[PDB]
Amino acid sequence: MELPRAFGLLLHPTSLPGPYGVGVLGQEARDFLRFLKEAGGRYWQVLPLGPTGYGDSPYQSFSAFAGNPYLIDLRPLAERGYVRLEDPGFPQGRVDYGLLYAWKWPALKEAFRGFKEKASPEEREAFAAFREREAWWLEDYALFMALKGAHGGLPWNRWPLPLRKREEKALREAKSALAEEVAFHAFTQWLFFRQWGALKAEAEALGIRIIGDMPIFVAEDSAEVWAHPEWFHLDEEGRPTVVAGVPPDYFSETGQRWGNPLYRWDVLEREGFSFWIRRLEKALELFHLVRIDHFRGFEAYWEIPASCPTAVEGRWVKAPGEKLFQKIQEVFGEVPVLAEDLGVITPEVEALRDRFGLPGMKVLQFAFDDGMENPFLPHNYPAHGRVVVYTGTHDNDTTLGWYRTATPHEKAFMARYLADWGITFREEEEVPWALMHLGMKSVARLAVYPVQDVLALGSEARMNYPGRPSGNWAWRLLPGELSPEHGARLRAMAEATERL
């Protein structure tokens, strides 16, 4: 794909400032887009937007199609008198998922009662129309969530057999018996996509394109795995016989075991990869470009025996990436995908990536731990510049935090390299800005930076720490923290690098 020479910012919606414990798709989101436009930015990147479970991770959703109910702005509903909102004492600059869980779900249920009581016939018909439209995934999702409250939050593969194996009868009775709870979940979905649709229109009016994110593998306990067990490696009991992960490296002698269920690609191939065509169809309705996590998994993936706690006993299994993307290109006539090609990737992966003109990634935090041959250093970027450069991703520490823990060699080499590119700095707080400048001077078409670096915040603002048991996906901006001055700095930098 032909990307214009520009820049953008990375910011998950939950991180937006505002009342009631979590960023939502409302005024503050619109204010952020306005800020981005004022700063001359043309891209906004977010993480997966579906419903989360234990861990609060956007990469382990109960559904690959649903929207996250925690992102719904309740104020518009409160204005129509559907609900009353109170602040139980939400913390500052961070999401407390426990309080959020305890307060938002009851509020959403309350709003639905208000709706069924005061909603106008128009709204009621719009809601009904929405349900008929998204039926292909919404019926399974809503019933899925409803059945969870009927079975103590148990995963689907632990529900009674009739429900687990989706016997037509059991499902008919369930929907009828839980009809009001099922309508509740579809209601949360209706408000989500409605509010995201309005926000997307606002971005487009401001000349901003949204970069979405989707994990290559879905979660084990999700509506789509429950409704299509045939597409995954499960046993007759609905349990994964194998799970996703990566082989042992110079870092993790045990490798990584993510636990995600694996696709039966052969089965998917015969069905024209319908599941994936649907994932892309939905993504294209929410974003302008979509990045796919662990992209190498389309060429080959590490298969791990589900019984094992580690990854040491796995094996590489080839996947039909070439056929999949040929299909994607057929249906959509374009592959608006950004490949997350970090880590160990082979020439086969590169060929698949460049074959469909998919942009790769470059992370500056990883460019100074070696020599000048480091592929993350700007002078080694491909001539066509079809890549996106970041200071750091959502999985890395903020750039300031990274610098404070960096090795003397990385720090000295980074200082010399920058100087070689005409960039200079005096204090640590300026390192994030120095690196953003380096990325903007590069040949990379897009430079996207996490808001934490624009603010030059430390490790306390890290979004996700792979391995750390808690405190992830919680950071939030404070009201007014992102000032117009910050915007003017970004604008001037973009202006000096032909990215305006």
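When you see a residue number, it is the position in the sequence shown, counting from 1.
- Taking the PDB entry as given, 476-484 carries the higher mean Cα B factor of the two stretches 476-484 and 7-15.
- Look at the mean CA B-factor for 179-187 and for 255-263 in the entry; the higher one is 255-263.
- Of the candidates 42, 468, 30, 437, it is 468 whose Cα B-factor is highest according to the PDB record.
- Reading the B-factor column for the CA atoms of 221, 303, 140, 73 in the entry, the top value corresponds to 303.
- The PDB entry assigns residue 314 a C-alpha temperature factor belonging to the highest third of its chain's modelled residues.
- Split the chain's modelled residues into thirds by C-alpha temperature factor. Residue 326 is in the highest one.
- The deposited CA B-factor of residue 196 belongs to the lowest third of values across its chain.
- In the PDB entry, residue 204 places in the middle third of its chain by CA B-factor.
- Ranked by Cα temperature factor within the chain, residue 121 sits in the highest third according to the deposited record.
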